[PDB]
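Residue numbers (the authors' numbering), protein chains in the order written: chain A, 3 to 39, 52 to 140; chain B, 4 to 42, 59 to 388; chain C, 3 to 167; chain D, 36 to 151; chain E, 280 to 355, 360 to 416; chain F, 1 to 97, 100 to 288, 319 to 371. The beta carbon of each residue, even a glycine, is placed where N, CA and C say it ideally should be. First the structure, in the form of structure tokens, and then the observations on it.
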Amino acid sequence: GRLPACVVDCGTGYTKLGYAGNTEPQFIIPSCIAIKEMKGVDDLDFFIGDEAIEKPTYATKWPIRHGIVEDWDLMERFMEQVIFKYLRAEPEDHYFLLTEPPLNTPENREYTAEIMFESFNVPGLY
Amino acid sequence: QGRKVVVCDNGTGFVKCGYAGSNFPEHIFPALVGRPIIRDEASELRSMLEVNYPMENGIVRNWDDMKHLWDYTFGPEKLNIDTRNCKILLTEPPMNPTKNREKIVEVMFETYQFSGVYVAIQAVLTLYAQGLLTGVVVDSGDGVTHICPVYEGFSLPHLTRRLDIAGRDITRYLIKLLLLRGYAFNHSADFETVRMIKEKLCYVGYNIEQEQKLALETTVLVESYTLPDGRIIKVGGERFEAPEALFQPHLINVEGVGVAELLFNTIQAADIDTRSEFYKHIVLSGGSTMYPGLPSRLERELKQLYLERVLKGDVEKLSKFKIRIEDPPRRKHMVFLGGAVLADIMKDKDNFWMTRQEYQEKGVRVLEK
Amino acid sequence: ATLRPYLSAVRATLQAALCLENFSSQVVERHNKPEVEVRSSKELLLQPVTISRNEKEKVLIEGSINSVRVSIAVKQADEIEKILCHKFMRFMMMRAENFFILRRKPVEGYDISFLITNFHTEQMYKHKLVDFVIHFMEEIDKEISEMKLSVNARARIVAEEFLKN
Amino acid sequence: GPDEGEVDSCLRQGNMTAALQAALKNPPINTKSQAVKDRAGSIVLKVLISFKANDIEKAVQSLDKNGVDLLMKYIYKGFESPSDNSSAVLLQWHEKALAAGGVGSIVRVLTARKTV
Amino acid sequence: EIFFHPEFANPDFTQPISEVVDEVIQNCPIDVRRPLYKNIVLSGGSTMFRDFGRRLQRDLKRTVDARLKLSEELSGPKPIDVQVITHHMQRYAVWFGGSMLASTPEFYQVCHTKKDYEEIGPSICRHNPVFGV
Amino acid sequence: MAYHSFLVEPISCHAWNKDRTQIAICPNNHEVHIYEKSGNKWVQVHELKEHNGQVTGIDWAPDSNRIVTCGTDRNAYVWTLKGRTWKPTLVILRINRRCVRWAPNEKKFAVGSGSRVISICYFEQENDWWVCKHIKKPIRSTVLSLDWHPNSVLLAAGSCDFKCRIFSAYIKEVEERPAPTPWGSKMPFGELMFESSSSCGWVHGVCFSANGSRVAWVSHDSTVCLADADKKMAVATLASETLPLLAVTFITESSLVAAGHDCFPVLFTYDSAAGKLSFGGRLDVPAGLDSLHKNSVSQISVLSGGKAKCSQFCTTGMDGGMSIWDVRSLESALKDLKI
Ligand SMILES: Nc1ncnc2c1ncn2[C@@H]1O[C@H](COP(=O)(O)OP(=O)(O)OP(=O)(O)O)[C@@H](O)[C@H]1O
Ligand SMILES: Nc1ncnc2c1ncn2[C@@H]1O[C@H](COP(=O)(O)OP(=O)(O)OP(=O)(O)O)[C@@H](O)[C@H]1O
Ligand SMILES: [Ca+2]
Ligand SMILES: [Ca+2]
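Structure follows, in structure tokens:
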């Protein structure tokens, strides 16, 4: 309507995030997330982007393997930091267009839909 | 004595030829003429070959392809017999033009120069194997689902209806339906594939509400299936909703009321002295009659349309109406067997068969009909 | 009220209604489905039995010759536990494609619903299945409690951390 | 249905065995009236509810196979109405009945076409 | 050069990219084959290398002209047009196309609503409509 | 006590040869397999893929050496051996809708199905084709188990109508007349000679005795019921604490063995004196199961000895194991078992 939606293509080696309509990505980060080697906000201590490639106190993990997602929770946290820490835009007040692989399964699309709609409460999903 | 008689059914998509008397077909090949452009024999190679169908929706479009089709049907691949030294029996579709019927015998007497010919109605031949005189033969192949009414060895051309929904349309419905389910298939590349998937897991349900309920609520209708590429897809309710267009032709944007509604509106539109007779003898013949669960649905809807209109609400006066349809075990090609029977019976019976001398002397339209 | 003999009568009843067998449809030509689900033949449907350990938590078993449908309504102590139970039951319902012994929708007036088919009863051990149900109940309780405690802990931590700044 | 006084007398006598043995006589299974079945069910429920925990074994062991099946069916009918903490006593009774008649009792309870 | 020749670093792969594209265009529908050979689009970062599409189109048109000559030598054929397109944002085309699709009004009509998601279920996101043509 | 692991899925029907040299079975598939015995190990020899669905019933005529089979394919196949290939013949069942067994006369077979009509079928040599006349009188449900009597003219069958009826499928054009039986004098095709009194439980099991004097059946109400026409068609039932039985057969004239959902072959004896049935006990005493088969029994035929003195009992179940039992070893094991 008045504001702009967000666009996020998660690649194997690099994740491209930004706002739709822009000429270039607002943030082109690395496809890797930092984790611990569990209760509370233990899942809130998660670093994504380039600031996770060379962590020493944490462990650098890779999620997107060959275009397909291997560990869902990690990708979830990554999208979390991509939404709040990197983009910092109101999810309930914005739509979202996510990218899929060529061999993306239907069930996988279903799961992505679940993670985007149930947890984030996005106003739009494509 | 009669120099080996034979029977050949040249349908829209699948051609079935067999010797006279055979309880089955001796050769079943796909009807498609194939051509190359680079430097079941044709169906194997279709990804890199230009395929054409001679018989479009029952009628012949390209005679230059149909001639070669006949030469390949009587060739050393399936039949391997001399046309000039053997009789034959062809199958024709209902509501066919006189020009087509004439051109057939014309090309069978001049181009092939056959020594014997015997044409018969497919609607009649389909009931002939069942051994009856009055009945309703409904054929649903790959071209069109024509419903033909037969009585005392004859079919009322004013009673023969037709629904524009065929096995090809079933394939297209399944392939269209799977796309929405989350998967992805091509309109031309995976055509035969989709046709196979439909032939395998798809069906027709009795209670559409209850079947939709079982599909949405339970996970028991959902079955898995492996593709040629190795990847596997899991189809559920799409199995039945795809063939459901046979009952209600409004699910594929088509003009009509449905096969059940057509049959019912063609049943009540008959003589009142024949209404109780034609409703008790209905023969199911055609490729689309192998869908598991068609018979029950036909009986149910036929029961509905003769209890809401014939009984007009009278529940007690519903039991009196006879309801008996027979889904034969060999209903997949009753047209062929029915010929294979007829051609075996009238093999040397009198002289009621078209001759070559009678086709060379005079009368290309020498047809006692 | 709450005992172990409840899940013992539940286990016994589950063992009694796990005597299903494959059966073709008598109405439809060449069709095969669950008898307990569609309930088309009154001759094949047994008298459904309900077992209640309390006014809030109970289990209803409806058996058939070719199906056994077990609905389970779990205890609801608080609102948070109820929302969590609904969310977990829904999340499990979404994966009904994986759980071929469960159905996508819960039975009306119950928390969750699992349809143990005759086909499912033929390709899985009945004893192991009963064990699966009992474990399903005890795990439901324990996991719900653990989730509650974890959530509360998270709320406490977040509140403390935000208050400390 | 059954007779109330015959059970009330044994209940007043303290002999629970007689009351329990009499409560299952002429069960309204063939009856079409749901009122009679509800009455019989409520009666059996009342009979079982007042019973002490440690003494139930003897009375349960005193019953017959057919009586065990009728008691199981009546208990199943009573299980659809859990109130006044009768569910615990009904549970102990279900355990005793299960140990007594085995899976055959409940199997007969489920396979039954006409019951309370 | 590893793309133009996979045999260099992979013993379990002998097919060059030219052959892969050729087989991909040939194993698809014949009626759309010319269109597939006409619009060859490079997407991803690994295709941003210099003069990749040039060599690709070179090998493809070479094999194509060869097969055409072979077919015209035993013919007792029209010019097969082939073009490998090089986009300005070929490095991140997957995201560019999305930004171009989401900017249109149709993207508000095509995108599955949260309402439809809560009312019908996850199956609402299972089939995405294609518009913009 | 000889269980053989053949498959992982369940078993549908169990059939044997004349000299019991070969065994035939189906594994819930569109095809039926025939295996033989060459040494300690078993090996498959024949395979028939004629049916177009899950095979339900299969029986082999011993003297005729010819096996007929009928299942969900809504059709019957009277398979006979043709050289090195078993040729099947499609015998029209003429049914709009799970059981098959040849007669002692081995000339006509009964096909009981869900069409609520015991479809008897004889072979017409005049037309060189099989014909199937349907007996539907007093039948309300499917025919679970069908077993003949020694007369080869009267058939017995249990229904989902909670009863085990004994009707007559005698075709007077395939055999001579039937002698007077104790089950009645008037024997006509379609005439109901006997019936059950049960109003609960499904009659999954049904088998007649060798003398033809008594007919027994197993109901799914955890109850077994044997009737004797020797005492004015007296019916004697008994409730088993175990689960319901699926298959029932008699070992002796007064001793029968049966299994089912209890997943353990049990033995029982009925005293003609008092006129009541008694339980012998558990003949199968030893995953996590306390028995051989890890699922319910599905069929139980006789290997050799007859229904008066069986020397070996063959048991097929839903466990995928072929249970070969011997009365001698069973009597040598359980000393408290009176046959
Ligand atoms: N098991 C099956 N269930 C449903 N449909 C089937 C099955 N097998 C084949 N078909 C369909 O039947 C069609 C062809 O049937 P058939 O050969 O009997 O008619 P035809 O002779 O090709 O057509 P026509 O007689 O109209 O010229 C195919 O399009 C196929 O999709
Ligand atoms: N300037 C460059 N020129 C050519 N190739 C490059 C350049 N920079 C990076 N690459 C290569 O491109 C690869 C990443 O490409 P791309 O971003 O298309 O993949 P992705 O989207 O991260 O993963 P996927 O293709 O699985 O979605 C890296 O492996 C890197 O080696
Ligand atoms: Ca990419
Ligand atoms: Ca045809």
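The continuous stretches of beta strand (DSSP E) do not include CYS307 (chain E), and DSSP gives it neither H nor E. When DSSP states are grouped into helix, strand and coil, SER280 (chain F) belongs to the strand group. In the structure shown, the three-state DSSP call for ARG123 (chain A) is helix.
Rounded to the nearest whole angstrom, the C-alpha separation of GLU108 (chain F) and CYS162 (chain F) is 27 Å.
Counted as a single uninterrupted DSSP element, the stretch harbouring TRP76 (chain A) is not any alpha helix (DSSP H), since DSSP gives it neither H nor E. Residues of chain B whose Cβ lies closer than 8 Å to the Cβ of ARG79 (chain A) do not exist, since the nearest Cβ in that chain is about 18 Å away.
In the assembly as shown, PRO95 (chain B) is an exposed residue. Its beta-carbon has fewer than 16 other beta-carbons within 10 Å. Counting C-beta atoms within 10 angstroms of its own C-beta, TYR378 (chain B) has 16 or more neighbours from the protein chains shown and is therefore classed as buried.
For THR15 (chain C), the residues of chain D that pass the 7 Å Cβ criterion are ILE141, in the order they occur in the chain. Residue-level contact by beta carbon fails for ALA161 (chain C) and chain A, as no gap is shorter than 8 Å. Contact annotation: the segment 345-361 of chain F touches the segment 326-334 of chain F, with at least three C-beta pairs closer than 8 Å. In this structure, DSSP gives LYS138 (chain F) a state outside helix and strand, which the three-state scheme calls coil. The bridge partners DSSP lists for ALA260 (chain F) are F:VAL250 and F:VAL268. Neighbourhood of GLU9 (chain F) in chain C, by CB distance below 8 Å: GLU124 and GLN125, in chain order.
Under the Cβ distance rule, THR244 (chain F) counts among the residues neighbouring chain D, one pair being separated by less than 8 Å. In the structure shown, the three-state DSSP call for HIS4 (chain F) is strand. Those residues that have a beta carbon less than 5 Å away from any non-hydrogen atom of ligand 2 are, in order along the chain, A:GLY13, A:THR14, A:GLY15, A:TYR16, A:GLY81, E:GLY323, E:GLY324, E:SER325, E:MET327 and E:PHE328. Of all C-beta pairs linking the segment 128-145 of chain C to the segment 34-42 of chain C, fewer than three are shorter than 8 Å, placing the two stretches out of contact. The CB of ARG74 (chain F) comes closer than 9 Å to the CB of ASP346 and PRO348 in chain B, given here in chain order. Among the residues facing chain B, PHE102 (chain C) is included, as its CB has a counterpart in that chain under 8 Å away. At least 8 Å separates the beta-carbon of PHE252 (chain F) from that of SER201 (chain F). Here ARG181 (chain B) is near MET114 (chain B), since their CB atoms are less than 8 Å apart.
For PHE266 (chain F), the number of other beta carbons within 10 angstroms of its own is at least 16, and it is reported as buried.
Distance from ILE168 (chain F) to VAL217 (chain F) at the Cβ level is roughly 6 Å; contact confirmed, criterion being Cβ atoms closer than 8 Å. For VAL32 (chain F), the shortest separation between its Cβ and any heavy atom of ligand 3 does not lie below 7 Å. If you look at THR69 (chain F), you'll find it in the beta strand (DSSP E) that goes 66-70. Pairwise C-beta distances place the segment 89-108 of chain C out of contact with the segment 348-364 of chain B, as fewer than three of them are shorter than 8 Å. For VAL377 (chain E), the shortest C-beta to heavy atom distance toward ligand 3 is below 7 Å.
Set against 7 Å, the gap from the CB of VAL354 (chain B) to the closest heavy atom of ligand 4 is smaller.
Closest in alpha carbon position to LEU228 (chain F), among F:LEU258, F:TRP204 and F:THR244, is F:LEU258. For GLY139 (chain D) against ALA241 (chain F), the beta-carbon gap comes to about 6 Å, under 8 Å, which counts as contact. Under a criterion of Cβ atoms nearer than 9 Å, no residue of chain A is adjacent to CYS307 (chain E); the nearest Cβ is some 14 Å distant. Using beta-carbon distances, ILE92 (chain F) counts as an interface residue toward chain B, with a partner under 8 Å. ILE184 (chain B) has its alpha-carbon roughly 19 Å from the corresponding atom of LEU321 (chain B). For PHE138 (chain C), the shortest separation between its Cβ and any heavy atom of ligand 1 does not lie below 7 Å.
Scanning chain E for C-beta atoms nearer than 8 Å to the C-beta of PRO120 (chain A) yields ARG409, reported in chain order.
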